[PDB]
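A short worksheet on the structure shown next.
Naming: A, B, ... by sequence-line order, numbering from 1 per chain.
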Amino acid sequence: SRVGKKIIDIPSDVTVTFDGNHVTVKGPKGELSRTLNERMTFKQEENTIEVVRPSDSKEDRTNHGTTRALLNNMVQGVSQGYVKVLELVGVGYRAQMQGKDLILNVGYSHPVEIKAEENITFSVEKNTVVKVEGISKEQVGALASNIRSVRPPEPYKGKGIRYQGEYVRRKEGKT
Amino acid sequence: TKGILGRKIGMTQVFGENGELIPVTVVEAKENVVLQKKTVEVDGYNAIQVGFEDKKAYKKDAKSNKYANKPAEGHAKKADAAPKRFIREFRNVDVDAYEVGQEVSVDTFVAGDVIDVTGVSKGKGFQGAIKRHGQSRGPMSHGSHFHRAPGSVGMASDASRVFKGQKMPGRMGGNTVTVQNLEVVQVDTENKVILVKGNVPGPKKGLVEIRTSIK
Amino acid sequence: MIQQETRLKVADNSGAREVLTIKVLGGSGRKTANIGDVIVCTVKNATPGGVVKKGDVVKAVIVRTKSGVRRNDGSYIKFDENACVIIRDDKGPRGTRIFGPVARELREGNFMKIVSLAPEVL
Amino acid sequence: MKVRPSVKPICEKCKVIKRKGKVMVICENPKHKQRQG
RNA sequence: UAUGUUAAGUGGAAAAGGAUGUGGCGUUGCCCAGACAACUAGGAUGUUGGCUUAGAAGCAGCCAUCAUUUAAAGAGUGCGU
RNA sequence: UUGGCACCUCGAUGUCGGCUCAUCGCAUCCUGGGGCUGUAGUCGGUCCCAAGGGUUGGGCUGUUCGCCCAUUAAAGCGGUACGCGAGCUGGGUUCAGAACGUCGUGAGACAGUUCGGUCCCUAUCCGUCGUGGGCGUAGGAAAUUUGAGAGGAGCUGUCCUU
RNA sequence: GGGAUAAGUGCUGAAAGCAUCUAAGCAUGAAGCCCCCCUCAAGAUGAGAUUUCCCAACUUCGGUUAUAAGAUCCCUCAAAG
Ligand SMILES: CC[C@H]1OC(=O)[C@H](C)[C@@H](OC(=O)NCCCOCCC#Cc2ccc3c(=O)c(C(=O)O)cn(C)c3c2)[C@H](C)[C@@H](O[C@@H]2O[C@H](C)C[C@H](N(C)C)[C@H]2O)[C@](C)(OC)C[C@@H](C)C(=O)[C@H](C)[C@H]2NC(=O)O[C@@]21C
Ligand SMILES: [Mg+2]
């Protein structure tokens with residue numbers, strides 16, 4: 001696995017506590033704690049960490065590269081942070097806050113409210129651009145998906161909550 | 001939340017605020033007394049037992065349930081109460097709002113609650129498939145000899161048997177039935193009567209277990 | 001209680017002097033109807049002339065019945081004959097008058113032109 | 001979603017993948033999404 | 001007991017066909033001059049030149065498909081009408 | 001389904017429709033979730049997941065079927081001895097009467113029509129629906145009980161609002 | 001109204017430095033599954049739980065009377081048959 005072996009990781013002003021299996025990364029923006037694969041072992045030199053597979057078996061390899069990028073995501077995220085941008089297109093389609101929760105007005109004859117969680121923060125911009133931010137890449141991904149599932153883009157006028165810079169295949173149905 | 005043991009007296013009618021005829025049943029709840037307070041660590045589930053009516057006290061040589069037997073006198077004297085005739089218990093209630101020995105009074109119910117009345121049906125005795133099971137009966141003419149009996153009880157060689165649950169003649173009645181989402185129109189505290197909109201199960205002079213709707 | 005194969009009088013000047021019913025609209029398996037309910041029916045006696053002629057299939061509304069109706073206060077209104085009125089698929093009559101009394105319950109069904117063109121609302 | 005015992009690429013942009021036991025094609029043309037086979 | 005195979009309860013019912021499921025044995029064309037990835041590095045020129053076709057210059061169809069601005073380049077590998 | 005085979009049943013396994021009662025499969029008719037579309041939403045078409053429930057009343061024929069008239073959200077396809085006659089009918093078909101057309105010299109014949117034509121049985125066992133008694137639950141009793149399990153429900157329309 | 005799911009939709013993610021719903025993990029999702037709602041249910045021989053009532057005196061050794069507490073016989077009845 002190139003991802004796993006070849007690409008060595010780079011702890012940058014963070015504290016990667018490899019406590020046996022359960023690792024514990026902390027830095028500017030907070031602490032993330034995961035249990036990585038058992039059979040794998042880790043070699044932390046100065047300002048660098050390296051993952052090693054036990055064998056050359058498919059299992060050991062598919063797992064190897066998987067939780068070598070799951071460390072990088074933690075260290076790269078507890079230091080620089082992970083953010084997702086969602087745009088809202090459409091006459092009357094808005095985006096507004098309410099005590100760290102997000103009310104959405106997307107033409108649903110009812111206001112939709114996404115409540116926020118730990119280590120996660122929402123923000124709007126010109127009432128159209130929502131922004132989810134946090135340290136886990138899989139929370140920023142989970143929430144941003146939840147907020148696009150409210151009204152995903154449609155194929156005729158593109159109206160809906162689209163990821164910033166996401167190709168919306170536009171059909172041209174006519175009257 | 002609330003529960004009272006009563007008995008059914010009959011049905012009448014009341015007129016409502018806008019003139020509507022309200023069909024009602026008169027239920028008589030009097031001297032409902034708590035006799036125990038079941039608890040989770042003592043019995044495994046928290047609830048309270050209410051005794052209704054009033055039997056006479058023990059007498060030697062009693063020949064009827066009119067008088068209490070020695071076993072029941074003791075159970076009721078531990079709650080300083082008189083021997084009672086009907087004993088049931090309630091789980092929906094908060095066991096800590098009741099005390100062993102209190103009277104449950106008709107006024108527990110205010111006008112416009114939602115209650116469930118659980119009684120026993122009236123006995124119809126041994127009946128047949130058309131009254132007991134609502135079955136369409138056969139032709140009464142055109143040379144028929146199949147007037148009221150139930151039809152086929154099965155198939156043929158496949159399942160050379162009658163399946164369980166085949167709706168056949170027998171006793172009708174004597175079943176606990178719970179009508180749901182009834183309401184009380186008035187509670188009278190002096191004659192001790194809770195009036196309930198609609199109709200309830202049972203013969204006249206029966207027993208109904210009114211408590212608060214679970215829905 | 002009006003079911004199919006029931007003959008009703010027409011209380012209007014549509015042409016139809018008397019009609020019988022086929023179905024009671026309002027539901028699968030619906031069997032009966034009372035005041036304020038619509039039925040499909042085919043006239044059996046027409047006036048010479050008139051807009052509706054004999055043997056036609058028509059929508060119609062029940063205006064009075066012998067079974068009659070309970071009202072919310074325990075008051076009952078009964079009548080001495082079944083009766084009906086033809087409609088133009090807009091809750092409006094086909095004829096220009098309306099003969100005989102009508103029950104107040106037709107007000108609710110928005111058969112207002114039937115209630116307005118009536119000798120007695122009851 | 002076509003479910004056909006024969007799942008094969010329809011376009012050059014068509015990728016056969018094996019998800020959860022089933023040989024499927026995911027493509028950018030939603031018409032070319034296929035499932036069994 | 002030894003050495004290997006399967007991951008489907010296959011074992012413990014079918015078939016034409018379909019498949020980056022996995023194991024073995026060869027054969028092979030490429031690769032430290034550094035093939036293979038997205039390697040986010042350039043992508044166009046007289047020029048659709050000729051038949052230019054609904055005008056249509058990678059699409060309604062004959063392609064005549066010339067050298068390279070160039071480490072790498074095609075009258076465009078190609079998604080398009 | 002139309003057949004082929006002739007393996008159980010001729011010391012008899014009542015055969016067609018209808019009625020009463022159902023029960024099960026899903027290759028789903030409606031309802032629920034979806035991918036789609038040559039889907040702008042209503043529209044429809046296609047495919048997938050789905051069997052919980054529901055899945056009309058009549059005219060015509062003995063008819064199953066089919067056609068037709070009104071509805072419905074839909075008016076599903078099959079198994080069950082083409083489910084069910086010791087539960088019912090007996091219109092069709094299949095006894096004896098008769099008659100027409102046809103064939104036969106004739107007696108008679110036709111799966112050609114037509115009118116008429118006896119549906120027996122007091123339930124032993126298993127099964128099933130209710131209802132008692134005996135005994136066991138390490139004393140004899142009166143009352144209140146948890147719930148291992150089991151059964152029942154489970155459908156859906158229109159209008160208004162946005 | 002919960003909980004777990006079906007087709008499906010994803011999130012992070014490598015084998016296969018790209019991708020990618022999948023292999024680890026973790027989400028969402030149906031009149032369907034489980035609970036929730038109604039009823040029967042300790043012959044549930046695993047025979048369960050709570051409260052109360054009854055409690056001696058002959059044995060020559062219980063393989064013991066008769067009695068408690070409790071019922072029944074019998075009789076007047078029906079809200080039951
Ligand atoms: C009243 C008590 C007696 O019962 C009975 O009469 C019942 C009613 C009778 O039911 C039936 O008719 N079938 C059910 C009705 C079937 O309709 C279809 C239309 C037809 C026909 C037809 C065809 C040919 C002939 C025929 O050719 C001819 C002639 O003269 O040649 C005379 N006609 C009349 C024919 C008529 C019993 C049950 C009958 O059995 C049944 O017959 C069949 C042969 C087989 C049946 N299975 C095996 C499928 C069988 O179950 C018998 C034969 O009775 C005649 C029963 C025998 C034992 C008796 O003799 C008993 C003692 C009766 N005698 C009496 O006095 O008590 C009786 C019990
Ligand atoms: Mg024999």
Legend entry - Of D:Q36 and D:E12, the one whose closest RNA chain E nucleotide lies more 5': D:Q36

Legend entry - Comparing D:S6 and D:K13 on RNA chain E - which has the more 5′ nearest nucleotide: D:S6

Legend entry - By side chain to side chain donor-acceptor pair (under 3.5 Å) - contacts of B:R161 (at least two apart):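 By the side chain to side chain donor-acceptor pair (under 3.5 Å) rule, B:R161 matches no residue at all.
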
Inset, instruction - Return the set of residues passing side chain to side chain donor-acceptor pair (under 3.5 Å) with B:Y67 (not counting sequence neighbours), or none when no residue passes. - result: B:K59

Proximity to the side chain of [X] - top-ranked nucleotide from [options]:
X      : options             : answer
A:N73  : G:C53, G:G13, F:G83 : G:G13
A:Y156 : F:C21, F:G41, F:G83 : F:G41
A:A142 : F:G83, G:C11, F:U71 : G:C11

Under 4.0 Å: is that the gap between some side-chain N or O of [X] and OP1 or OP2 of [N]?
X      : N      : result
A:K137 : G:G13  : yes
A:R61  : G:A16  : yes
B:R161 : F:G127 : no
B:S160 : F:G127 : no
B:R132 : F:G130 : yes
B:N175 : G:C40  : no
B:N69  : G:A71  : yes

State whether [N] pairs with [M], counting either Watson-Crick geometry (purine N1 to pyrimidine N3 plus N6-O4 or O6-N4) or a G-U wobble (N1-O2 and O6-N3), each distance below 3.5 Å.
N      : M      : result
E:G46  : E:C66  : yes
F:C115 : F:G97  : yes
F:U89  : F:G17  : yes
F:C121 : F:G41  : no
F:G11  : F:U31  : no
F:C7   : F:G104 : no
G:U9   : G:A27  : yes
F:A12  : E:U6   : no

Complementary nucleotide for [N] - Watson-Crick or wobble, under 3.5 Å:
N      : answer
E:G50  : E:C62
F:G45  : F:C36
F:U144 : G:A49
F:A70  : F:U56
F:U124 : none

Inset, instruction - Quick one: list whatever passes salt bridge (charged side-chain N to carboxylate O under 4.0 Å, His left out) with B:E99, sequence neighbours left out. - result: B:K37

Inset, instruction - Under the salt bridge (charged side-chain N to carboxylate O under 4.0 Å, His left out) rule, collect the residues that match up with D:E28, sequence neighbours excluded. - result: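 Per chain and number, D:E28 pairs via salt bridge (charged side-chain N to carboxylate O under 4.0 Å, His left out) with no residue.
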
Pairs: protein N or O with nucleotides 88-91 of chain F N or O, under 3.5 Å:
unit_1, atom_1, unit_2, atom_2, d
F:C88, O2', B:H145, N, 3.4
F:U89, OP1, B:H145, ND1, 3.0

Inset, instruction - May I ask you to classify the sugar pucker of E:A35 as north or south from its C1'-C2'-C3'-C4' sign? - result: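 On the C3'-endo side: north.
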
Inset, instruction - Could you tell me whether the sugar of F:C26 is north or south, judging only by the sign of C1'-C2'-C3'-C4'? - result: south

Base, sugar-phosphate alone, or nothing: which one does [X] contact when heavy atoms must sit under 4.0 Å apart?
X      : result
B:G165 : sugar-phosphate
B:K60  : nothing
D:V7   : sugar-phosphate

Legend entry - Salt-bridge present (B:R85, B:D54; N to O < 4.0 Å):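 B:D54 and B:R85: not salt-bridged.
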
Inset, instruction - Produce a footprint string for nucleotides 73-81 of chain G: one letter per nucleotide, 5' end first; B if the base is under 4.0 Å from any protein heavy atom, S if only the sugar-phosphate is, - if neither. - result: ------BSS

Inset, instruction - Let me have a per-nucleotide readout for nucleotides 147-162 of chain F, 5' to 3', with B, S or -, counting only protein heavy atoms under 4.0 Å. - result: S--------------B

Inset, instruction - Starting from the 5' end of RNA chain F, give me the residue, B:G154 or B:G170, whose nearest nucleotide shows up first. - result: B:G154

Taking atom [atom1] in both [N] and [M], what distance in whole Å separates the two?
N      : M      : atom1 : value
F:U131 : F:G157 : P     : 41 Å
F:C36  : G:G10  : P     : 9 Å
F:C95  : F:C77  : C1'   : 41 Å

Interatomic distance where [atom1] belongs to [X] and [atom2] belongs to [N] [whole Å]:
X      : N      : atom1 : atom2 : result
B:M168 : F:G87  : CE    : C1'   : 12 Å
B:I130 : F:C21  : CD1   : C1'   : 14 Å
B:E73  : F:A142 : CD    : P     : 17 Å
B:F163 : F:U80  : CZ    : P     : 14 Å
A:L32  : G:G25  : CG    : P     : 19 Å
A:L36  : G:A14  : CG    : P     : 14 Å
D:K18  : G:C21  : NZ    : P     : 18 Å
B:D116 : G:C36  : CG    : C1'   : 15 Å

Inset, instruction - Evaluate the stacking of F:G130 against F:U131, requiring that the six-membered ring centres lie under 5.5 Å apart and that the ring planes differ by under 30 degrees. - result: yes

At a cut-off of 3.5 Å, list every protein nitrogen or oxygen paired with a nitrogen or oxygen from nucleotides 47-51 of chain G, distance to 0.1 Å.
unit_1, atom_1, unit_2, atom_2, d
G:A49, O2', B:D43, OD1, 3.0
G:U51, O2', B:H75, ND1, 3.2

Legend entry - Base orientation of F:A107, syn vs anti, 90° cut from 0: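 Anti conformation for F:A107.
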
Inset, instruction - Tell me, please, whether B:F52 has B:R88 positioned over its six-membered ring: NZ or CZ under 6.0 Å from the ring centre and within 45 degrees of its axis? - result: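 No - B:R88 does not lie over the ring of B:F52 by the 6.0 Å and 45° rule.
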
Inset, instruction - Please list residues of residues 19-35 of chain D whose heavy atoms come under 4.0 Å from any atom in RNA chain F, ordered by number; otherwise none. - result: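 Listed by number, they are D:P30, D:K31, D:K33, D:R35.
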
Legend entry - Contact list for RNA chain F against residues 80-89 of chain B - heavy-atom distance below 4.0 Å: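 Residues of residues 80-89 of chain B under 4.0 Å from RNA chain F: B:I87, B:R88, B:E89.
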
When you compare the protein's N or O atoms with those of nucleotides 55-60 of chain F, which come within less than 3.5 Å of each other, and at what distance?
unit_1, atom_1, unit_2, atom_2, d
F:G57, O2', C:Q4, OE1, 2.9
F:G57, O2', C:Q4, NE2, 3.2
F:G57, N9, C:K23, NZ, 3.2
F:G57, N3, C:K23, NZ, 2.5

Inset, instruction - Walk along RNA chain E from 5' to 3' and tell me the first and last nucleotide with an atom closer than 4.0 Å to a non-hydrogen atom of chain D. - result: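 On RNA chain E, the outermost contacted nucleotides are E:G17 to E:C79.
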
